[PDB]
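See structure below.
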Amino acid sequence: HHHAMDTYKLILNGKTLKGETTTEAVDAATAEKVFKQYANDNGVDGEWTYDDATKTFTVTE
């Protein structure tokens with residue numbers, strides 16, 4: 004019933020930015036917006052996956 008913050012992860016596999024970061028949001032759609040803005044701010048231009056089982060986004064190339 005309570006809509007908790009949940010931890011979402013971002014695995015970075017860009018040309019110039021690699022590793023992992025995280026955010027908190029109530030849902031995946033919001034986390035995606037946060038992570039895409041972060042990636043774009045850092046010049047990342049890649050392909051994205053989302054894994055619902057692990058709450059993890061990945062951006063590659």
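Just so we're aligned, residue 4 is where the sequence shown starts under PDB author numbering, counting upward by one. In this text, a Cβ means the ideal position worked out from N, Cα and C, and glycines have one as well.
Quick one: what does DSSP say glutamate 64 is sitting in, helix, strand or coil?
coil
Among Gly17, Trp51, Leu15 and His4, which one has its Cα closest to the Cα of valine 29?
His4
Please list the terminal residues of the continuous beta strand (DSSP E) segment that includes residue 65.
In the structure displayed, the chain extends from 4 to 64; residue 65 sits before or after that span and is not available.
Give the secondary structure of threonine 19 by DSSP, where H, G and I count as helix, E and B as strand, and everything else as coil.
coil
In this structure, how does DSSP classify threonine 25 when only helix, strand and coil are distinguished?
strand
What's the call for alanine 34, buried or exposed, on a 16-neighbour Cβ count within 10 Å?
buried
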